[PDB]
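Participant: these are from a larger complex, still in place; more later:
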Amino acid sequence: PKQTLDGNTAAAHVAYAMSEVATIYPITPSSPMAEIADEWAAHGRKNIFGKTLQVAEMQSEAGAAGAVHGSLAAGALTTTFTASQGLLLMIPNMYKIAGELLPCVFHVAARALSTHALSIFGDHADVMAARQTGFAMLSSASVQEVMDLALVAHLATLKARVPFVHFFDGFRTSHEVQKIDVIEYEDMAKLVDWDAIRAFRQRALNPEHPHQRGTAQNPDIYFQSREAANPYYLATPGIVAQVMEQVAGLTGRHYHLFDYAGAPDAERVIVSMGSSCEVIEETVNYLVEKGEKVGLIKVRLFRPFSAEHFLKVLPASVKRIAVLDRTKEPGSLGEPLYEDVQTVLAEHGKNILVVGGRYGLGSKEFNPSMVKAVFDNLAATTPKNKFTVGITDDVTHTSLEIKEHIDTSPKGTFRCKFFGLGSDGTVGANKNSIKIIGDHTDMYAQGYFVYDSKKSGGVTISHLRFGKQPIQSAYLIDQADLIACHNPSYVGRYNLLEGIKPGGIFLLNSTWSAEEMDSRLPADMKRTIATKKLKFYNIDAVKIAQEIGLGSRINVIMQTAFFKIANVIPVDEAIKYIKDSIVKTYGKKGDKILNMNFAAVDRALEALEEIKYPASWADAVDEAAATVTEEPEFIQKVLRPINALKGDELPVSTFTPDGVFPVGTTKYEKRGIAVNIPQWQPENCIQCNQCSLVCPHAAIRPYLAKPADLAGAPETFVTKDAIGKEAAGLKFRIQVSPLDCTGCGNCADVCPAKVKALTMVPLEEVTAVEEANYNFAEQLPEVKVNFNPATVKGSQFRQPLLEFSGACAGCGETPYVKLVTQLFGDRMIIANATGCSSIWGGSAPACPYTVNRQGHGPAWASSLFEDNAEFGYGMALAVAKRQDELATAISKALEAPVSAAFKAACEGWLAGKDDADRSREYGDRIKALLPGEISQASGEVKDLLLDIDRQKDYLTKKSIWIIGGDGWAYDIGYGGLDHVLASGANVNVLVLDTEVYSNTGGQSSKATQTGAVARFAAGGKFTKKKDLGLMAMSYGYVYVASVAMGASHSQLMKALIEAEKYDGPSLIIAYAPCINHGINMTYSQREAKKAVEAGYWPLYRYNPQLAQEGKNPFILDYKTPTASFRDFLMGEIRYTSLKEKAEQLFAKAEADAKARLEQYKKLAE
């Protein structure tokens, strides 16, 4: 049958049928494969063995690989899904699985490796790093090929005993939705070699016929024993060929080890692998029809590389070959596939000029215009070798010139682009539209979706194609027949109408009438609309959703408008499929919600109005651009073009060679995505600064100013007298940043005043006013205040050094980290684990960490997911070494002819170099005397002072902070975190516990509580939450504290300050509410208060320093809970979706909270 799937689902479909066990661990973009396999097991889908697949989630990809090996050695057919850094951790086990000849299939959504920077996007870097493990490697070029070749891999591995890596391009294929022929499980089982499966069972470890495997061998037999597996590899190519013939007879689709396409007398041939083959074949068809003698060799079975099967498909007329590799091996003579082609042709004396290139690293676009550029390079007198395609390399001059733009799309293919907002329903609707057309027409359908790094309010661009011929266009849409914009704010911001065909369709969602079109649309846009004679349609979907009662959901409304004008299918048939899909989507909803979505379809059809524009629009002239502000070179040359969706145009000379970026760049974004912003009521405000404390984006802060500094203030900058003996004679004001606020509503909820001093007002009504207010507050001079930073009110007067990140609205993680920068940000270094905290904390080109007026701020670095603790541990050793080098140079200065005041500060620094305040005090004393002391010296004395001046950046003691998520701390990095805590080094570990893998969509973890439902835990987690804090207490010298900002502000302040001052390891586990819980982010702070008050989350502090003072180290900060336990669980969707078996799990959760509280009461006694 025909279904619309993506590469991930197509792979999991085959993997589920052929496997008994599947040990998995989540990593983008391979995690959808394991997610859908777990759901099928939860609903009881049977494999070819009549059982449900057993899915086991491990602590890391290393643990998964070991489990695969053990499951295979004990007699169970097992598979797994991984990619990129996860595949690297499996490489050691892959050598064993290949060495022991165990049948196995790894499904890999090939993704770039983290080098100078992280990239979750697709290339072959990960697969190439395992090409020497002895695994076979099979490449799929399309979603249909993922379906077919996954079956080829699972069938061949049983026959050959050689394990297979079946890999496909990350995102470009794993997330591309296509209508494909799906193979039925019953048809697969008729092709399985059951004799081979039974033979695999006999090789299993069993006490009734025991054997020994994995021995240790001396030099006398090791070489021979390694060569004893040679026959199995020699026969593997022929086995895959015969298996490919089996699939061919079943499906009719013919695969070979290497496939050829193009002119039979071709002289220029490209050899490639993966999704690029689709783009190349599409281009080859276009060029061959135009008479060019070109061809393409698709590599399916990369390892073992069969010279016989490659030369069999190489036409004898080939004179020049260009090999394209989707990876980069720096310093290597060539990339892997290029070296193989060059080798095999040399071994057979073929006089063929071979040239290699690189393309598509990290999902770089690779379109037919580039393919012709590769072909044109073969036609030059001297073809450029070791080239790149898709970039402008103006440094090393390896890039090929994209001369002209060609359109190789087959005639009759429809092409659409959809500009949407984050989570507004656009992407989901397009997925539904593809399923509609694919299920009800003979047309092939394709969908690809471009997402943003910003988690909320980001831009999404959908690329859809439909045609009567198979869709090989594995690239973004170049010439669109229809363009839809679901957010009027994009009008004038992005080049929406780029490349639209003459006479195409432009669909806009806006409240603007035909007359307002003259004043609202920019001149360049009006010129394109008129010159290209576009059919311009408009619809006020927001007005419709308000009148119907759907709120602001416009997904159904805009989808109806699309089918009405696209003319892809009969309009009447489209309306039926939409309403039929509405029943499938809103059938479980109430009867009132069902008829509302029906009214959306009906009202949308009558509200869609075509805009008849005057022909004079073609002559419209742009308005005079304002005087541009002098921005930094990085902002002007890098950040602006990237945010303008033009980053692909930046040449190589734009970037640093080591992936280093400046700090404090998010303050230049000013996205202004909030629907509502807080308005401050000066008369109700008690000056508590809690609103600045809980803001997940630092968009609201208190400002102090002497009355003289308020001279040129606007009339709306209303202030009040400052409360407190420290701020006597000063003015006070709580000011919000309108363009940086997210509209989450946490600050309005936390305001404890009698009358609410913060009320959510719409942005557009107060945007002009609040902009001038914030611009004035930012230009206020620094104000020296003596408020105690240990209090909540006093701490918020310090400048936040973490601002305007890409975290979601109301995120529960960023308020913790923001507070740390306000206390110790002047002198801290951050080692941040991979995860959400690294995504909003370090996504190029914007950096949310900033500096104060002196230019000092946190230095931020992220290594890998599993090594974050040891990453920061190494930093501590180096910083200690850098302070040791300085202390040696200062001690030599004591014996030098220097000022007596200089010696006093130097001796004072040496005595207190390990104290934060004393080192800053005497360190700043040394800094003040340095410029004059150098001027008064000469000769060797000047050189001794110049060496101290070179190291003055290490006078102030540093504070190492290791920040990471619960998935890092509880699972993959726990072994490393355990080691760093036991060492006793002066490090501070901050665990942002969201109880899930938040970034990758919310998968199960050891931090997940009993009964909680998340991805990889469809039926709920049975085992209880692992107590990380209890294990760290077993050392006795590790400071452990459990905090929750929403529950107690004072308890969080005490634990953080005690943890930082403790000369030893400190562990802070903070509860961070997240959108993956399924709650209203408006009450994120309130949800943390209910969690502690109901006994769900404990608050304690384990102070080893109290043990040295003869006191009890364990202090329970909240002993008696007052709220109901079951009532807190029912307030979050992550527990209500389980409801049945839920009542059995809820009882275990309540009993564990009483036993955990009773366990803490015994330790406190």
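Facilitator: Structure's in. What do you need? Residues are numbered from 1 along each chain as shown, chains lettered A, B, ... in the order given.
Participant: What distance do you get for residue A:1024 to residue A:286?
Facilitator: Noted for residue A:1024: a distance of 61 Å to residue A:286, by Cβ to Cβ, to the nearest Å. (Each C-beta comes from the backbone N, C-alpha and C, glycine too.)
Participant: whoops, residue A:1066 was the one
Facilitator: Applying Cβ to Cβ, the value for residue A:1066 to residue A:286 is 63 Å.
Participant: swap in residue A:1152?
Facilitator: 65 Å.
Participant: Between those two, point out the one with more neighbours.
Facilitator: Taking other Cβ atoms under 10 Å, residue A:1152 and residue A:286 do not tie; residue A:286 has more neighbours (19 against 15).
Participant: Go ahead and report the secondary structure state at the more buried one.
Facilitator: Assigned by DSSP: H, G, I helix; E, B strand; the rest coil, the conformation of residue A:286 is helix.
Participant: Pretty sure residue A:406 is one of the things it touches, is it not?
Facilitator: Yes: the pair residue A:286 / residue A:406 is scored as a contact, 6.8 Å apart, by Cβ atoms under 8 Å.
Participant: Check chain A for its longest helix and report it.
Facilitator: Ordering each helix of chain A by length in residues (DSSP state H) puts helix A:868-894 first.
Participant: Quick one: name whatever helix or strand follows that helix.
Facilitator: As assigned by DSSP states H and E, the chain's next helix or strand after helix A:868-894 is helix A:900-911.
Participant: Tell me which other helices or strands that next one touches.
Facilitator: The contact analysis (3 or more Cβ pairs under 8 Å, 6 or more residues apart in numbering; DSSP states H and E) places helix A:900-911 against helix A:868-894, helix A:916-935.
Participant: List the buried residues for the helix or strand hosting residue A:979?
Facilitator: Using DSSP H and E, residue A:979 maps to helix A:974-983. Under the neighbour-count criterion of 16 or more other Cβ atoms under 10 Å, helix A:974-983 has A:974, A:976-978, A:980-981 buried.
Participant: Now do that helix: everything it contacts.
Facilitator: The contact list for helix A:974-983 (Cβ atoms under 8 Å, 6 or more residues apart in numbering) reads A:59, A:866-870, A:872-873, A:962, A:968-969, A:987, A:989, A:1006, A:1028, A:1031-1032, A:1035, A:1038, A:1065, A:1067.
Participant: please redo it, this time with the cut-off set to 7 Å
Facilitator: With contacts defined as Cβ atoms under 7 Å, 6 or more residues apart in numbering, helix A:974-983 is touched by A:866-867, A:869-870, A:873, A:969, A:987, A:989, A:1032, A:1035, A:1038, A:1065, A:1067.
Participant: in the helix or strand containing residue A:1029, what's buried?
Facilitator: Assigned by DSSP H and E, residue A:1029 belongs to helix A:1028-1033. Neighbour counts over helix A:1028-1033 (16+ other Cβ under 10 Å) mark A:1028-1029, A:1032-1033 as buried.
Participant: helices or strands next to it in the packing?
Facilitator: Identification of packing neighbours for helix A:1028-1033 by 3 or more Cβ pairs under 7 Å, 6 or more residues apart in numbering; DSSP states H and E yields strand A:1039-1043, strand A:1066-1071.
Participant: please redo it, this time with the cut-off set to 8 Å
Facilitator: Right, helix A:1028-1033 is packed against helix A:974-983, strand A:1039-1043, strand A:1066-1071, strand A:1100-1102 by 3+ Cβ pairs under 8 Å, 6+ apart.
Participant: Export these to CSV and append columns for distance to residue A:843.
Facilitator: Formatted as CSV, these follow (distance: least, Cβ to Cβ, whole Å):
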stretch, distance to residue A:843
helix A:974-983, 24
strand A:1039-1043, 27
strand A:1066-1071, 22
strand A:1100-1102, 34
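Participant: throw chain B on there as well:
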Amino acid sequence: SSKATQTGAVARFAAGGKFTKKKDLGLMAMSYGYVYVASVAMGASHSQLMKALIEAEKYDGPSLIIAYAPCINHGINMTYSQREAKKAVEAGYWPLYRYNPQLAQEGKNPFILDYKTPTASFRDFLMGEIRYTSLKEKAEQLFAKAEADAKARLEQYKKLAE
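Facilitator: Alright, chain B goes in next:
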């Protein structure tokens, strides 16, 4: 050196002796509550080892057995290898306990301390193995911390048994 190496023991990668104390693997495994944990030493009690092995296999769940294994790297006469394990337990150097999760389901305390009162001298045991005598100024400072930590660990296991 390992995390299992005790305080003051001299081994490769620990020329000056290991400062941090031995990681308590059994204590962390008991935090789950459903993991069977037992600490045994054959030279000390033949009957105690028999009970832990049979209880561990029959337990329908995870079991962790930490067994003291004398080694030539300790620097002892291997003729008294069994005797060295007896002297280790009798001096409070190695604990003998059994944490049975099945006892928790029966309303009883899961932790059973199999050796409550040590009878041998703790400092005297260290001088009988080469891996501790090779440190010999600062060595006497490390032995006092090791002996104080061993007494605090025994008082902790007596509190867990109640």
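Participant: let's see the buried residues of helix A:1028-1033 again after adding chain B.
Facilitator: Neighbour-count burial for helix A:1028-1033 flags A:1028-1033 (criterion: 16 or more other Cβ atoms under 10 Å in any protein chain shown).
Participant: what ranges do the helices span in the stretch 501-650 of chain A?
Facilitator: A:517-520, A:523-531, A:541-548, A:555-566, A:571-586, A:591-607, A:633-634, A:640-643 (DSSP state H, counting those that start in this stretch).
Participant: Tell me which of these is the most buried.
Facilitator: Sort these by mean neighbour count, taking mean count of other Cβ atoms under 10 Å in any protein chain shown, and helix A:555-566 sits at the top with a mean of 24.
Participant: List, one by one, the residues from the stretch 851-1000 of chain A near chain B.
Facilitator: In this structure, the stretch 851-1000 of chain A approaches chain B at residues A:979, A:982-984, judged by Cβ under 8 Å from any Cβ of the partner chain.
Participant: So what's the residue count around the nearest residue to residue A:890 once chain neighbours are set aside?
Facilitator: Once flanking residues are discounted, residue A:890 sits nearest to residue A:906: 5.1 Å by Cβ to Cβ, 6 or more residues apart in numbering or on different chains. Neighbour count for residue A:906, taken as other Cβ atoms under 10 Å in any protein chain shown: 21.
Participant: Residue A:906 and residue A:895 touch, don't they?
Facilitator: No: using Cβ under 8 Å as the test, residue A:906 is too far from residue A:895 to be in contact (11.1 Å).
Participant: Would you agree residue A:947 is in contact with residue A:889?
Facilitator: Yes: the criterion here is Cβ under 8 Å, and residue A:947 meets it with residue A:889 at 5.0 Å.
Participant: can you pull the contacts of residue A:344?
Facilitator: A:305, A:307, A:310-311 (Cβ atoms under 8 Å, 6 or more residues apart in numbering or on different chains).
Participant: go again using 10 Å as the cut-off
Facilitator: Listed by Cβ atoms under 10 Å, 6 or more residues apart in numbering or on different chains, the contact set of residue A:344 reads A:305-308, A:310-311, A:314, A:350, A:354.
Participant: Out of those, list just those in strands.
Facilitator: Counting by DSSP state E, those place residue A:354 in strands.
Participant: roughly how far apart are residue A:794 and chain B?
Facilitator: Remark: distance between residue A:794 and chain B (Cβ to the nearest Cβ, to the nearest Å) = 37 Å.
Participant: what's next to stretch A:521-530, contact-wise?
Facilitator: Contacts for stretch A:521-530 (Cβ under 10 Å, 6+ apart): A:491-493, A:495-498, A:500, A:504, A:506, A:508, A:510, A:512, A:517-518, A:520, A:534-536, A:611, A:613-623.
Participant: make it 8 Å
Facilitator: A:491-492, A:496-497, A:500, A:506, A:517-518, A:534, A:536, A:613-623.
Participant: Which among those count as buried?
Facilitator: A:491, A:496-497, A:500, A:506, A:517, A:534, A:536, A:613, A:617, A:620.
Participant: Domain-wise, how is chain A divided?
Facilitator: A:1-255, A:256-413, A:414-621, A:622-664, A:665-781, A:782-1165 (curated CATH domains).
Participant: can you give me how far stretch A:339-358 is from the chain middle?
Facilitator: Here stretch A:339-358 is found 38 Å from its chain centre; the criterion is Cα atoms, centre = their mean, to the nearest Å.
Participant: Would you mark the buried spots in it?
Facilitator: A:339-342, A:344-345, A:354-358.
Participant: Please tabulate these in CSV, including the columns secondary structure and distance to residue A:1157.
Facilitator: Listed next are the buried residues of stretch A:339-358 as CSV, based on DSSP: H, G, I helix; E, B strand; the rest coil; distance: Cβ to Cβ, whole Å:
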residue, secondary structure, distance to residue A:1157
A:339, helix, 63
A:340, helix, 63
A:341, helix, 67
A:342, helix, 69
A:344, helix, 69
A:345, helix, 73
A:354, strand, 71
A:355, strand, 70
A:356, strand, 65
A:357, strand, 64
A:358, strand, 59
